[PDB]
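Q: Output the structure for:
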Amino acid sequence: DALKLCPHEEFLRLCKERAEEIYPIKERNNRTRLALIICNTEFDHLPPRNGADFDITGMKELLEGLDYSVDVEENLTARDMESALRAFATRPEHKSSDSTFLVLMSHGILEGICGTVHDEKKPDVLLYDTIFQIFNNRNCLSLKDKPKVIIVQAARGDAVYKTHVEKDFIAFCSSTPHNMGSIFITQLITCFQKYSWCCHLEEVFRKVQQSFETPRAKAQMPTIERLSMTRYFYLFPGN
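A: Numbers count the residues shown, from 1 in each chain. This is the structure:
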């Protein structure tokens, strides 16, 4: 229904008592949080993803309620998806932000998400590794030490340097095969609305996952992947 807000006194108490345990929050009047939604709905060689407008609308409204300015991209090839991500990573607003969200919705394979022109004979794929590399501690200094939340809906889904430089990420992934709004996005929005005022990000994700704890829904439970957060991320909605 509505995003429940965190009382300002609870925000202050938690930020004072648990300051070393949670990501710091920039004050609301000097803050310029950005979020990005990429959604592919029409493909040259894949079924359409109808009702995506409802998922986009819901996620945009949720993120704006969480005080993110939302850029929406639709129906891009893998090349253009990577371009959009690099452009977003260089935005100067991130300097005066405390965090970001990246929401990706398309068909997917194991290694990444499909662009609009993807075919099995001529693949068009944005690799997940590319996403994490674009925003890592070397390549995105303005988001360094800040939580980078990647929400992925992709139907039909040395490393020591990677472990050192890819920090403060979390990915929340649904790979439910295709067939209004999608179940994963609806549950995600409901749990943020009901719980983000009191629980940190991973507790919200766990409430989402618990909603799939039934015999017939368990196979579709979204997964937390590539977790490298060093603190807990409280959103303090309304603050």
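
Q: contacting residues for residue 89?
A: 134-135, 139-140, 143 (Cβ atoms under 8 Å, 6 or more residues apart in numbering). Quick note: C-beta positions are derived from backbone N, CA and C, even for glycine.

Q: Which ones among those lie within helices?
A: residue 134 (DSSP state H).

Q: Just the buried positions in whichever helix or strand residue 190 is part of, please.
A: According to DSSP states H and E, residue 190 maps onto helix 183-195. By 16 or more other Cβ atoms under 10 Å, the buried positions in helix 183-195 come out as 184-185, 187-195.

Q: other SSEs contacting it?
A: For helix 183-195, the packing partners by 3 or more Cβ pairs under 8 Å, 6 or more residues apart in numbering; DSSP states H and E come out as helix 52-65, strand 148-155, helix 201-211.

Q: export the buried residues of helix 183-195 to a markdown table and tack on distance to residue 232?
A: Below are these laid out as a markdown table (distance: Cβ to Cβ, whole Å):
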| residue | distance to residue 232 |
| --- | --- |
| 184 | 23 |
| 185 | 24 |
| 187 | 21 |
| 188 | 18 |
| 189 | 21 |
| 190 | 21 |
| 191 | 16 |
| 192 | 16 |
| 193 | 20 |
| 194 | 18 |
| 195 | 14 |
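
Q: from these, which is closest to residue 107?
A: residue 184 (14.2 Å; Cβ to Cβ).

Q: Give the full set of residues in contact with the closest one.
A: Going by Cβ under 8 Å, 6+ apart, the list of residues near residue 184 reads 153, 174, 176, 220, 222.

Q: And residue 51, by the same measure?
A: Counting by Cβ under 8 Å, 6+ apart, residue 51 has contacts 180-182.

Q: May I ask you to confirm that residue 32 is in contact with residue 99?
A: No - applying Cβ atoms under 8 Å as the test, residue 32 and residue 99 come out as separate, 11.3 Å apart.

Q: which of the two has more neighbours?
A: residue 99 (24 against 16; other Cβ atoms under 10 Å).

Q: nearest spatial neighbour of the more buried one, skipping sequence neighbours?
A: Spatially, and ignoring its direct neighbours in sequence, residue 99 is nearest to residue 147 (4.7 Å; Cβ to Cβ, 6 or more residues apart in numbering).

Q: I'd say the one you found and residue 202 touch.
A: No - the pair residue 147 / residue 202 is not scored as a contact, 10.4 Å apart, by Cβ under 8 Å.

Q: Need the overlap of contacts for these two.
A: Taking Cβ under 8 Å, 6+ apart as the contact rule, residue 147 and residue 202 both touch 170, 229, 233.

Q: Counting neighbours, what do you get for the last one?
A: If I follow you right, that is residue 233. Per other Cβ under 10 Å, the neighbour tally for residue 233 reads 21.

Q: so who does it touch?
A: 22-23, 99, 147, 149, 170, 200-202.

Q: What's the separation between it and residue 85?
A: Distance, residue 233 to residue 85, using Cβ to Cβ, to the nearest Å: 21 Å.

Q: hmm, back to that, what about residue 147 and residue 202, which has more around it?
A: More crowded of residue 147 and residue 202, by other Cβ under 10 Å: residue 147, with 23 against 15.

Q: From residue 170, how far out is that one?
A: From residue 147 to residue 170 the distance is 7 Å (Cβ to Cβ).

Q: Surely residue 60 touches residue 39?
A: No - counting by Cβ under 8 Å, residue 60 stays clear of residue 39, with 10.3 Å between them.

Q: what are the ranges of the helices in this protein?
A: Per DSSP H, the chain carries helices over the ranges 8-17, 52-65, 78-89, 128-134, 159-165, 183-195, 201-211.
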